[PDB]
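As a starting point, one isolated chain is supplied in structure tokens, in the form deposited in one PDB entry.
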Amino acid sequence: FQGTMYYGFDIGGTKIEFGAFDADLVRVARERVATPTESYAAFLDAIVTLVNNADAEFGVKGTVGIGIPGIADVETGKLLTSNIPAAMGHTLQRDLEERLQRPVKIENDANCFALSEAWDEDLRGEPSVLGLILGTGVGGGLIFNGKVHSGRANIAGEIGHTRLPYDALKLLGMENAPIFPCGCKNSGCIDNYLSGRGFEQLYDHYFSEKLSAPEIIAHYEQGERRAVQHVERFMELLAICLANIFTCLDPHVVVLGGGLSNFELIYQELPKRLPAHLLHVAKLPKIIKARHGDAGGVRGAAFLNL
């Protein structure tokens, strides 16, 4: 008999990342199916397919932990997923507990990322860890003394739904700054600026060409003028926004995840640009790239059931 198997899902806009971990926490399955962002019955279908297929492959009933890009209402279980309008308002935990006939744990994706990153031996004893996801949206997971702070209403770490601070707006032209609409239905949330999507939207606003983030970064590496101006602006915008956040939270370690965390220039430029925007006595946190690559979410979700 296989024993206990822990399944984790990291749900994104585009793909559902699935992982199965055995009794020793060795990853023994890895799947990536398309995220159905049309039907909700189909979104459920994808999740449900993955668990049953894995059930049949190892011949067990795995536990199910799910990391979602949003929040499950603490009273109703209904989802708020700002960059997934498909899933908005659904009782995901109950609906999956129905279809799968077992308990399901649901947590925010950045919380799961921060939890798994902070449980690494090098970080487990740090007094605080901030996990930041820069993907389709901007999300945070807050760990204090090794325990996730999920907040009054599962909102802790929702830095993506804070508005651009004055010094960022000044950088972007003040009354001429682009004010992007947000999936939360507010406007000017940093979710729409510091994410990989926001990086792209800012380029398009200033330069009127809809390039992807990888394309803009390749142009930057060739020293192309528009991309260089964009990247300079973006690095300063990211430093200003993070300096504000760090003046509030003052984390010991910041771990970055999501697609835009692979832009290596970030780790060189933040330490240079942050000091101007921090208090005189501030000391920089250690700012590091995710140590589990793109798997932090899957692992943290699986490990909810530990």
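Note that residue numbering begins at 1 and tracks the sequence as displayed.
Although it is not shown, the form deposited in another entry is what the next lines describe.
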Which single entry of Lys210, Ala23, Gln268, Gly293 lies at the hinge between rigid parts that turn between this form and the one not shown?
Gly293
Is the CA-CA spacing of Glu38 and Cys182 tighter or wider in the other entry than here, given a 3 Å or more change?
farther
Pairwise C-alpha change, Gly146 versus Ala23, in the other entry against this form - closer or farther, 3 angstroms or more
closer
